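For the record, the sequence lines run as chains B and A. All the letters of the first sequence, read from the start, carry residue numbers 159 to 306 under the deposited numbering. All the letters of the second sequence, read from the start, carry residue numbers 160 to 306 under the deposited numbering. Don't be surprised by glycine CBs; every beta carbon is placed ideally from N, CA and C.
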Amino acid sequence: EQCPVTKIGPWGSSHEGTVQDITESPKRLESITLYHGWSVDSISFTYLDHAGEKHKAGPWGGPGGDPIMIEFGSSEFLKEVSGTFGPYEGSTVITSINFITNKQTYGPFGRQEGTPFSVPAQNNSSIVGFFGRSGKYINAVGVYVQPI
Amino acid sequence: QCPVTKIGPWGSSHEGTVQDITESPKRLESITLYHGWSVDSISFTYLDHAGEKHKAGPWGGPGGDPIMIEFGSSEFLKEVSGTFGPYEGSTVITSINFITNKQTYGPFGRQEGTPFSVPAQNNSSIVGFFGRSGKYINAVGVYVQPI
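Pasting the structure below:
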C-alpha cells in the first residue's frame, strides 16, 4: 500500500517535443487510445491514481491517424511496451508501438522502422501510465511501473 | 517492504544461463566489468535492506580487460545503456555504459549493433542487474529502486 511508482524512460527523441506527463501518481491503467498511421500520431490513456481518482491523460501528439481504443479488465495488466523510433517529417518520432499484457498482444501500430525500444516489466509488475514528449507525433515515450 | 522494480532484459532472445540475485537490493556499491570487443563479464556488490553486502557474479566468461567502478558517497546509477549484436555465433551485449549522477563510465566494448537503454527518472536508482550469460553477457536487465 502506497509503494512509490517507478518512472523509466523515455525512449525516442532525446530533446524534441513538448513535455507531457501526468500530475497524480498512477496506480492502475484502465484504457489506452492510440491514433496511428505510418507513425504513432497520438496517445491518450485513462488511469486511477494514488487516491483512487480516475483521470484521462492526453492526447499527446497530433491530430492524424486512425484511432484504436483498448480497455483493460481488472485482471489484465500491461507488462511490456515496445516499438521503434526514427526520422519522420524531420523529427525523431515513435514510428511503431506495441502493448503486451498478461493476456494479449496489441499491435504493431504504425510502421516498424528505425531503432527498437522495449520496456519489459518482470515479476507481475504493471506499467500503469506514461510520460514523454510530443508535437504532431509522439517524439519520446516513457512508462510508470508499479510492482505487486 | 515494497518490492524492487525489475525491468528488462535486453539482448539475446534466449541464449545463456539465467543469472540473478536473491536479496532485494537497496544500494549499488560497485561494478566490475571485463570488456574487449564485447562485454565479457559483469559482477557487482550491493547492499540489501538490512544493510549487509552481497556480491553478484561474475556473470560471463574469461576474456576482456577489467574495470572496477566504486560508487562514491551520494553517487548512484541513473541510466544503463549499450548495444547488442552478433558475436562469435551468438547475440551478446557488445557495449555498455553507466551514467551516474556524477559521471559516465564507458562505453565499454564496441558500440555496434542494436541500441538499448534504461533511464531511471525522478532520482530513482539502478541498484542491481540480472540477465543471461555464457562466454559473454548475452542479455542484461536492471533492478530499480524509486526514492
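Could you check what DSSP says for residue i in three-state terms: helix, strand or coil?
i, result
"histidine 213 of chain B", "strand"
"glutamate 238 of chain B", "strand"
"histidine 194 of chain B", "strand"
"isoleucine 306 of chain A", "coil"
"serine 200 of chain A", "strand"
"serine 189 of chain B", "strand"
"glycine 231 of chain A", "coil"
"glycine 175 of chain A", "coil"
For the beta strand (DSSP E) holding residue i, just list the boundary residues, first then last.
i, result
"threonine 181 of chain A", "Note, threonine 181 of chain A: premise wrong, no beta strand (DSSP E); not H, not E."
"residue 134 of chain A", "Beyond the ends of chain A as shown, which are 160 and 306, falls residue 134 of chain A; an answer cannot be given."
"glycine 222 of chain B", "That residue, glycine 222 of chain B, is in no beta strand (DSSP E); it is neither H nor E in DSSP."
Classify residue i as buried or exposed, calling it buried when 16 or more other Cβ atoms lie within 10 Å of its own Cβ.
i, result
"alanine 209 of chain B", "exposed"
"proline 184 of chain B", "buried"
"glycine 241 of chain A", "buried"
"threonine 164 of chain A", "buried"
"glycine 248 of chain B", "exposed"
"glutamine 304 of chain B", "buried"
"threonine 181 of chain B", "exposed"
"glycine 300 of chain B", "buried"
"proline 168 of chain A", "buried"
"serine 284 of chain B", "buried"
"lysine 214 of chain B", "exposed"
"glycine 231 of chain B", "exposed"
"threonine 263 of chain B", "exposed"
"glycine 272 of chain B", "buried"
"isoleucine 306 of chain A", "exposed"
"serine 171 of chain B", "buried"
"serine 254 of chain B", "buried"
"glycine 287 of chain B", "buried"
"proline 217 of chain B", "buried"
"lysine 261 of chain A", "exposed"
"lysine 212 of chain A", "exposed"
"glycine 268 of chain B", "buried"
"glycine 195 of chain A", "exposed"
Problem - Whole runs of the alpha helix (DSSP H) within the region 242-294 of chain A, excluding any shorter than 4 residues - result: none
Exercise for the section: Pair every Cβ in the region 167-186 of chain A with every Cβ in the region 285-304 of chain B, then say whether three or more of these pairs are closer than 8 angstroms. Expected result: no
Exercise for the section: Decide yes or no for the touch test of the region 183-203 of chain B against the region 223-236 of chain B: beta carbon pairs closer than 8 angstroms, at least 3 of them. Expected result: yes
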